[PDB]
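Below: one structure, written as structure tokens.
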Amino acid sequence: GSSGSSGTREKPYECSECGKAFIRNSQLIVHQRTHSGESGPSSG
Ligand SMILES: [Zn+2]
């Protein structure tokens, strides 16, 4: 956390992948479309 810690969660919807933000779910999903994938096998 470089000097500054400039982080404000203005948007409710956040990307569980990177942490992005969005005003409406529909908006977030669109950004998740690319994230979608099969990483880290052996999931439960
Ligand atoms: Zn993301």
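The way I read the labels, and the way they are meant: chains A, B, ... in the order of the structure tokens, residue 1 as the first residue of every chain, and ligand 1 as the first ligand shown, with later ones counted on from there.
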List every residue of chain A that DSSP, applied to the backbone, labels as helix (DSSP H, G or I), and write the result as a ChimeraX atom specification. /A:25-35
Give me the residues near stretch 4-17 of chain A as a PyMOL selection string, where near means some atom within 9 Å (using only C-alpha atoms) and where sequence neighbours in that chain fewer than 2 positions away do not count. chain A and resi 1-2+19-25+27-29+31-32+35
Include N, CA, C and O atoms and write out the residues we just selected as a tab-separated table (two decimals), in the first residue's frame.
```tsv
chain	number	residue	atom	x	y	z
A	1	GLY	N	0.81	-1.21	0.00
A	1	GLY	CA	0.00	0.00	0.00
A	1	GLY	C	0.84	1.26	0.00
A	1	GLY	O	0.96	1.94	1.02
A	2	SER	N	1.43	1.58	-1.15
A	2	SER	CA	2.27	2.76	-1.28
A	2	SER	C	1.68	3.93	-0.49
A	2	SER	O	0.47	4.00	-0.27
A	19	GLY	N	-11.31	-6.24	-8.15
A	19	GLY	CA	-11.78	-5.32	-7.13
A	19	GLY	C	-12.40	-4.07	-7.71
A	19	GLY	O	-12.71	-3.12	-6.99
A	20	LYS	N	-12.58	-4.06	-9.03
A	20	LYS	CA	-13.18	-2.92	-9.71
A	20	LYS	C	-14.46	-2.47	-9.02
A	20	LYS	O	-14.87	-3.05	-8.02
A	21	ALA	N	-15.10	-1.44	-9.57
A	21	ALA	CA	-16.34	-0.92	-9.01
A	21	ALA	C	-17.34	-0.59	-10.11
A	21	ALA	O	-16.96	-0.33	-11.25
A	22	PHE	N	-18.62	-0.61	-9.76
A	22	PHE	CA	-19.68	-0.32	-10.72
A	22	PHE	C	-20.92	0.22	-10.01
A	22	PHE	O	-21.16	-0.08	-8.84
A	23	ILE	N	-21.70	1.02	-10.72
A	23	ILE	CA	-22.92	1.60	-10.16
A	23	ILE	C	-24.07	0.60	-10.20
A	23	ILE	O	-24.87	0.53	-9.26
A	24	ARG	N	-24.15	-0.16	-11.28
A	24	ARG	CA	-25.21	-1.15	-11.44
A	24	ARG	C	-24.62	-2.53	-11.74
A	24	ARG	O	-23.64	-2.65	-12.47
A	25	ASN	N	-25.23	-3.56	-11.17
A	25	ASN	CA	-24.76	-4.93	-11.37
A	25	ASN	C	-24.47	-5.19	-12.85
A	25	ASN	O	-23.36	-5.56	-13.22
A	27	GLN	N	-23.56	-3.56	-15.09
A	27	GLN	CA	-22.28	-2.98	-15.47
A	27	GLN	C	-21.12	-3.87	-15.05
A	27	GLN	O	-20.22	-4.15	-15.84
A	28	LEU	N	-21.15	-4.31	-13.80
A	28	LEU	CA	-20.10	-5.18	-13.27
A	28	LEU	C	-19.99	-6.46	-14.08
A	28	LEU	O	-18.92	-6.80	-14.59
A	29	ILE	N	-21.11	-7.18	-14.19
A	29	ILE	CA	-21.14	-8.43	-14.94
A	29	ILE	C	-20.37	-8.30	-16.25
A	29	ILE	O	-19.49	-9.11	-16.55
A	31	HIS	N	-18.03	-6.56	-17.04
A	31	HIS	CA	-16.59	-6.54	-16.77
A	31	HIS	C	-16.11	-7.91	-16.31
A	31	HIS	O	-14.92	-8.22	-16.41
A	32	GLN	N	-17.03	-8.72	-15.81
A	32	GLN	CA	-16.69	-10.06	-15.33
A	32	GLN	C	-16.67	-11.06	-16.48
A	32	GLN	O	-16.04	-12.11	-16.39
A	35	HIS	N	-13.24	-11.81	-17.18
A	35	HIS	CA	-12.61	-12.51	-16.06
A	35	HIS	C	-13.01	-13.99	-16.05
A	35	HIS	O	-12.19	-14.85	-15.73
```
Which of A:40, A:26, A:3, A:18 sits closest to ligand 1 [using only C-alpha atoms and all ligand atoms]: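 The closest residue to ligand 1 is A:18.
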Give the strand (DSSP E or B) residues of chain A, as DSSP finds them on the backbone, and put them as JSON, numbers by chain. {"A": [13, 14, 21, 22]}
Those same residues, written as a PDB file, in the first residue's frame with N, CA and C atoms?
```pdb
ATOM      1  N   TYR A  13     -21.256  -2.104  -6.401  1.00  0.00           N
ATOM      2  CA  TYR A  13     -20.837  -3.330  -7.072  1.00  0.00           C
ATOM      3  C   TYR A  13     -19.324  -3.351  -7.271  1.00  0.00           C
ATOM      4  N   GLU A  14     -18.685  -4.414  -6.792  1.00  0.00           N
ATOM      5  CA  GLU A  14     -17.240  -4.557  -6.918  1.00  0.00           C
ATOM      6  C   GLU A  14     -16.879  -5.898  -7.551  1.00  0.00           C
ATOM      7  N   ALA A  21     -15.095  -1.442  -9.572  1.00  0.00           N
ATOM      8  CA  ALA A  21     -16.336  -0.922  -9.011  1.00  0.00           C
ATOM      9  C   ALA A  21     -17.341  -0.593 -10.110  1.00  0.00           C
ATOM     10  N   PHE A  22     -18.623  -0.614  -9.759  1.00  0.00           N
ATOM     11  CA  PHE A  22     -19.682  -0.320 -10.716  1.00  0.00           C
ATOM     12  C   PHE A  22     -20.921   0.220 -10.007  1.00  0.00           C
TER      13      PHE A  22
END
```
